[PDB]
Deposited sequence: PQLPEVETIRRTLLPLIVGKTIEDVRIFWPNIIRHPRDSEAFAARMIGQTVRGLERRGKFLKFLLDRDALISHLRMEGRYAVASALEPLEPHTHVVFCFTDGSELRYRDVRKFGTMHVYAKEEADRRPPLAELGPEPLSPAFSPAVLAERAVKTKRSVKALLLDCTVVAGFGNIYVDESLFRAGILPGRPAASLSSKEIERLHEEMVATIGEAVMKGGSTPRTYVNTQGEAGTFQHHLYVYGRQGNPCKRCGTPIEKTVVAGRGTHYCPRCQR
């Protein structure tokens, strides 16, 4: 899931778990547990705590308990569901939080790329994976000025810059490619090569593109198909090590 989908999860999941008390934590792929490194300590500390809130930072979910926070990233394919402890688990279920009311919060992930970190609440924001996270793309803290400052410093492509979590929180490939198309900028352009006008426009399209989604594609996944604005075949190449889509006529 990308940022908009994660925000939907935050909103919809919260009322399904708030006020429930954890009675057990079961782990079927320990590699997902990143802190404490020992999955047994992860499970033990959570027991007895009640879910009090659920926040989002970038693509991270932050579950707020009594003393601790659970920081969760779904990567490409992770998903949460709430269901009865009486029913069989769905395939690829790797972590389960069991509540005292006989319901469960289940984490599934076919690829097993997702991560979980638990810390005392007061520490979570100053430890990985939240430490160094850049500003929310929809916040005044992410400004053209901030983007400009980062762009001028680096030798990397503009795509690489936007994918950088320290620059802006949780802005993924689909939105990078779409935002760059909408801003008329080739993804392979050196970030430092962007003019003030291009930075301003890119910021505007980033906020618009992801803002629209949080509340229909031009290039992403459209290789070999006509651009919706000029009819030129959309191309796909590798940029910043990732599959990257663009129109060679609309973007410069």
Given the full deposited sequence, which segments carry no C-alpha coordinates? 216-236
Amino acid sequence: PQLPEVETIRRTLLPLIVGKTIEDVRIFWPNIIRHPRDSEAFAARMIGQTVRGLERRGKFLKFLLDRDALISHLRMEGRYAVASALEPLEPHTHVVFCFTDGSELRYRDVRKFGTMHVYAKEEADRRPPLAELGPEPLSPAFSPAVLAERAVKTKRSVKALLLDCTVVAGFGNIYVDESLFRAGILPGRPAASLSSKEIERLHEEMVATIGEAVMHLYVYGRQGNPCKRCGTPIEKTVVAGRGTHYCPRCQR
From here on, numbers count along this sequence of modelled residues.
Which of 124-132 and 137-145 has higher mean CA B factor, as the PDB entry lists it: 137-145
I need to verify one thing: averaged over C-alpha atoms only, is the B-factor higher for 154-162 or for 171-179? 154-162
If I read the C-alpha B-factors straight from the PDB entry, which of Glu212, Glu55, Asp68, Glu40 is highest? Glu212
C-alpha B-factor winner, where the candidates are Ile32, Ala192, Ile47, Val219: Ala192
Rank-wise, by C-alpha B-factor, drop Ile199 into the lowest, middle or highest third of its chain. highest
Position of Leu186 among the chain's modelled residues by C-alpha B-factor, lowest, middle or highest third: middle
Quick check on the deposited entry: does the C-alpha B-factor of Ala240 sit in the lowest, middle or highest third of its chain? highest
